[PDB]
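Below: one structure, written as structure tokens.
Basis: the model, the stated rules and, where named, an outside source; no laboratory instrument gave them. Every residue, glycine as well, gets a Cβ built from its backbone with ideal geometry; the counts of neighbours run over all protein chains shown.
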Amino acid sequence: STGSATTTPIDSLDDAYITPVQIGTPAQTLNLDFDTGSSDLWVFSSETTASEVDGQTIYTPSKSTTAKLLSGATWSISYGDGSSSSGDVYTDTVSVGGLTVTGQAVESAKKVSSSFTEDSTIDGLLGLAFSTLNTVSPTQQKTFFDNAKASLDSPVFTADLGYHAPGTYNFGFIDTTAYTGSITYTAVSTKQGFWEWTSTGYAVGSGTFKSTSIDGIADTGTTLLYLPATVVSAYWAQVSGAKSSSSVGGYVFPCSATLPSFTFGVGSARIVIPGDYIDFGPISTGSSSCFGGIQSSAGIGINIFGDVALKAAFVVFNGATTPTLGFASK
């Protein structure tokens, strides 16, 4: 079997992508953030503390004829930006884009942190990293990908993220109409539980390609592209009004500038991010300063190929017993 779902940016800046998921019988449709950097499917629910719920849509397990409580199981997660949630665990039927898995662990939030409450467009998260990162205790639960792999026509999913526009997540097949050229595959290390790979180098604008290993993760759930400080310094040295701003927390530039492209290597292949993709947008409505889409990973401790990189490519997550990552231009 296969599935296909449209994913849409939550705002005009492409801060995050949401994809509708059907939970339960009859189906309750929630808009989840598909996150390749974690492995929990968690949702706002009838169990979430009422003063921490805004205008999110909630899962009510009691209204689902297929929900079963997972007795004694709890979970607890914090993310790279400090946000957090915790709760207990049901199994239920979960469908994305026509692809149905039964007995999927659906983690019911009893509490969420303030950033979650404030973001009305995100109803929860669907984690797509390796199931080693799942936070359910005492026994970890498999991700929607892992539970699906048995019935998938091929053990794969693709990310096709749009620049200011909807895109697609597909499970179980590769849509050859959706990119140009051929896909280049590169090895994944699962040692840390991420889609972790090694980029072969990079170039700024029309200058030279520098072969230097960049170990990074491909993360649909991070907005920006975070690279080592000396790589990021080399890009913005090509932008005359760009500086590092302590107050705003990164590289900013006049919204006026035309930014150079950035190229990253995947084996022998090159993926080119258009300069416009790296123009995040004004630091405030009406400002003449804009925020950069390429920032230092020095403070995070890991390089992150986030949405700014991924949306310039067609991305194949190959979840075979030895997994790989494929990149094609589109």
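Six or more apart or on different chains, Cβ under 9 Å: which pairs go from a residue in segment 152-179 that's more than 15 Å from residue 97 (Cα to Cα) and in contact (Cβ under 8 Å) with a residue 24 or more places away in the chain to one that's crowded, with 22+ Cβ neighbours inside 10 Å and of a type in the set (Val, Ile, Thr)? Could you list them?
161/7; 161/220; 161/315; 162/7; 178/158
If you check 180, 158, which single one turns out to be assigned to a strand (DSSP E or B) and polar (S, T, N, Q)?
Only one candidate qualifies: 158.
What pairs can you find where one residue is in segment 306-326 and at negative phi, the other is basic (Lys, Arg) and surrounded by fewer than 23 Cβ atoms within 10 Å (Cβ to Cβ), and their Cβ atoms are less than 6 Å apart, with a gap of 6+ or different chains?
Going by the 6 Å Cβ cut-off, the qualifying pairs are 314/330.
Are any residues in segment 117-148 part of a helix (DSSP H, G or I), more than 16 Å from the chain's Cα centre (by Cα) and over 20 Å from residue 23 (Cα atoms), and if so, which ones?
Correct list: 117, 118, 132.
Check residue 267 against each of (1) touching a residue at least 24 places away in the same chain (Cβ under 8 Å); (2) surrounded by 15 or more Cβ atoms within 10 Å (Cβ to Cβ); (3) not hydrophobic (A, V, I, L, M, F, W, C) and name the one condition it does not meet.
Of the numbered conditions (1) touching a residue at least 24 places away in the same chain (Cβ under 8 Å); (2) surrounded by 15 or more Cβ atoms within 10 Å (Cβ to Cβ); (3) not hydrophobic (A, V, I, L, M, F, W, C), the odd one out for residue 267 is (2).
(1) of a type in the set (D, E, K, R); (2) in contact with a strand residue (DSSP E or B) (Cβ under 6 Å, 6 or more places away or on another chain); (3) surrounded by fewer than 23 Cβ atoms within 10 Å (Cβ to Cβ): which one isn't true of residue 107, the others all being true?
Tallying (1) of a type in the set (D, E, K, R); (2) in contact with a strand residue (DSSP E or B) (Cβ under 6 Å, 6 or more places away or on another chain); (3) surrounded by fewer than 23 Cβ atoms within 10 Å (Cβ to Cβ), residue 107 fails exactly one: (3).
For residue 113, are the conditions met, namely being touching a residue at least 24 places away in the same chain (Cβ under 8 Å) and in contact with a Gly (Cβ under 9 Å, 6 or more places away or on another chain)?
Yes.
Identify the residue in segment 43-56 that is small (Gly, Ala, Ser) and within 19 Å of residue 75 (Cβ to Cβ) and, among all such residues, is surrounded by the most Cβ atoms within 10 Å (Cβ to Cβ).
Restricting to residues being small (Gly, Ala, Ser) and within 19 Å of residue 75 (Cβ to Cβ), the top hit is 45.
Which is within 27 Å of residue 279 (Cα to Cα), surrounded by 19 or more Cβ atoms within 10 Å (Cβ to Cβ) and assigned by CATH to the domain that holds residue 157, of 11, 40, 33, 15?
Only one candidate passes the filter, namely 33.
In segment 39-63, how many are of a type in the set (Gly, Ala, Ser) and not in a helix (DSSP H, G or I)?
4
Going through segment 14-25 one residue at a time, which ones are under 15 Å from the mean Cα position of the chain (by Cα) and either part of a loop (DSSP other than H, G, I, E, B) or of a type in the set (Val, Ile, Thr) (or both)?
Answer for segment 14-25, where residues must be under 15 Å from the mean Cα position of the chain (by Cα) and either part of a loop (DSSP other than H, G, I, E, B) or of a type in the set (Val, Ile, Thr) (or both): 14, 15, 16, 18, 19.
Residues that are within 18 Å of residue 226 (Cβ to Cβ) and more than 24 Å from the chain's Cα centre (by Cα): which strands (runs of 3 or more DSSP E) entirely in segment 237-330 hold 2 or more of them?
Counting at least 2 such residues, we get 243-245.
So, in segment 57-75, of the ones that are free of Cβ contacts under 8 Å to residues at least 60 places away in the same chain and surrounded by fewer than 16 Cβ atoms within 10 Å (Cβ to Cβ), which residue ends up nearest to the chain's Cα centre (by Cα)?
The qualifying residue nearest to the chain's Cα centre (by Cα) is 60.
Considering 133, 126, which residue is surrounded by fewer than 19 Cβ atoms within 10 Å (Cβ to Cβ) and touching a residue at least 60 places away in the same chain (Cβ under 8 Å)?
133
So in segment 110-122, with the set limited to residues that are over 16 Å from residue 75 (Cβ atoms) and of a type outside the set (D, E, K, R), which one is surrounded by the most Cβ atoms within 10 Å (Cβ to Cβ)?
122
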